[PDB]
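Protein chains in written order, with UniProt numbering: chain A, 57 to 188, 193 to 209; chain B, 57 to 188, 193 to 209. Don't be surprised by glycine CBs; every beta carbon is placed ideally from N, CA and C. Presented below is the structure to which this report refers.
2 protein chains.
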Amino acid sequence: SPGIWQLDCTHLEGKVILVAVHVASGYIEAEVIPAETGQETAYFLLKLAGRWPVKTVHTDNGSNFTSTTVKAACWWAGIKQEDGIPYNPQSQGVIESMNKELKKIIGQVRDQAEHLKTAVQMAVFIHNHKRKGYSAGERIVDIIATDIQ
Amino acid sequence: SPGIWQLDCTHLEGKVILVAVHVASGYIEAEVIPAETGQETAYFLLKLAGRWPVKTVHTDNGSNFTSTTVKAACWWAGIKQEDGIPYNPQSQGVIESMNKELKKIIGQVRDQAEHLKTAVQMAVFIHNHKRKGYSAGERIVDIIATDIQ
Ligand SMILES: C=CC[N@H+](Cc1ccccc1C(=O)N[C@H](C)CC)Cc1ccc2c(c1C(=O)O)OC[C@H](CCC(=O)O)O2
Ligand SMILES: C=CC[N@H+](Cc1ccccc1C(=O)N[C@H](C)CC)Cc1ccc2c(c1C(=O)O)OC[C@H](CCC(=O)O)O2
Ligand SMILES: [Cl-]
Ligand SMILES: [Cl-]
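Shown next as structure tokens:
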């Protein structure tokens, strides 16, 4: 499970925040996009896979799962595209709690930037650095390093 | 050493490719921007620091070093903003060769995407995964994990 990520789409301020969560660590990357499209999702995954060793992505919905644009990016980047069915019911709850936390952080920083995209990157920073004790940023590096060995 | 990054700005197709290089590993992140401005550079560094434990950035030129927008982002993200003077003359050479490699890879993928930004992300992926043996992606994780311990 060092290579497993989950896609998550949440909404704020009439815009869409696309999030990828590293399941084992809770580490995240995120971007603000005007709307979720196959193209936006494909480009996001391409970026993610160039930066971390992405083996599997649990897609956030059936449209992205079906999208030939998304499938082409997953093919290119060597990603196994999977469904995101919450067979473990706790995954729904975890994602919802993450979305709430992220929105809370965005509110806390919202005044320190004009644009939502900036606030979202500040939220990513705070989330990844927060010690819960290790941070999610520390956990992901440790998990992957262990795997490489 | 685990936290040192170098900024690098290169040009292609009338656009600017802003690159951050993790000096110890040769791992990179990059983006295409219309022009290098303080705001573009500040936003890039904010993203980078939310994703990796960025301690020090060697800025790519005096304008970004001076920029109060860049300084404000470095303050926010806890980054030590430094000059990028190549006291070790091998630095210029390494960056020049990296820029050449990246442009080579971009040409090799250029037909697999309509937009330069896509080709640049493909180039990041190829660069970071290339075994030279370990890849740059493996080296950065190993270096930081060693630091965390
Ligand atoms: C209809 C899809 C368009 N492309 C089809 C394509 C066109 C020409 C050649 C190959 C391919 C192709 O399938 N390529 C390989 C196999 C997979 C990468 C690929 C693509 C995807 C997402 C993007 C892109 C681009 C682009 O063509 O550059 O451009 C930036 C855009 C930014 C996000 C946003 O604006 O939504 O995200
Ligand atoms: C003139 C600078 C602008 N801002 C000044 C600002 C305005 C209001 C409140 C605080 C601050 C402030 O200094 N904040 C803290 C201390 C530092 C983050 C900050 C900023 C920087 C880069 C960006 C931004 C934004 C933004 O205001 O959101 O928006 C997206 C843009 C995308 C790249 C591009 O388009 O160039 O990069
Ligand atoms: Cl971090
Ligand atoms: Cl990688």
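Check the Cβ of A:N184 against every Cβ in chain B and list those closer than 8 Å, keeping chain order. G106 and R107
Local conformation of B:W132 per DSSP, three classes: helix
Rounded separation between B:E198 and B:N184 - CA only: 8 Å
To test your reading of the DSSP string, which unbroken alpha helix (DSSP H) runs of 4 or more residues are found completely within the segment 98–166 of chain A? 118–122, 124–133 and 146–165
Let me know the secondary structure DSSP gives B:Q62 once reduced to three states. strand
Could you please give me the residues that DSSP links to A:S195 through a beta bridge? A:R187
Give me the chain B residues within the contact set of A:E198, using Cβ-Cβ distance strictly less than 7 Å, ordered along the chain. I208
For A:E92, which residues from the same chain have a beta carbon less than 6 Å from its beta carbon, with the 5 sequence-adjacent residues on both sides left out? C65 and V72
Do B:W132 and ligand 3 come close, with the Cβ less than 7 Å from some heavy atom? no
Cβ of B:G197 versus every heavy atom of ligand 4: is any distance shorter than 7 Å? yes
Closer than 7 Å: is that where the CB of B:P109 sits relative to any heavy atom of ligand 3? yes
Can you list the residues of chain A that B:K103 reaches, using a CB-CB cut of under 7 Å? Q177
Local Cβ density within 10 Å of B:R187, reported as buried at 16 or more and exposed below that: exposed
Tell me whether B:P145 is buried or exposed, calling it buried when 16 or more other Cβ atoms sit within 10 Å of its Cβ. exposed
Where does A:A86 sit, in a helix, a strand or coil, going by DSSP? strand
Taking 7 Å as the cut-off, is the CB of B:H78 close to at least one heavy atom of ligand 4? no
Which class does B:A175 belong to by DSSP, given the choice of helix, strand or coil? helix
State yes or no: is the C-beta of A:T115 within less than 8 Å of the C-beta of A:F121? yes
Straight-line Cα distance separating A:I203 from A:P58: 6 Å
Go ahead and pull the three-state DSSP assignment for B:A205. helix
Which first and last residues belong to the beta strand (DSSP E) in which B:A76 is found? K71 to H78
Could you work out which residues of chain A lie near B:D64, taking near to mean beta carbons separated by less than 9 Å? Simply none; closest approach about 16 Å.
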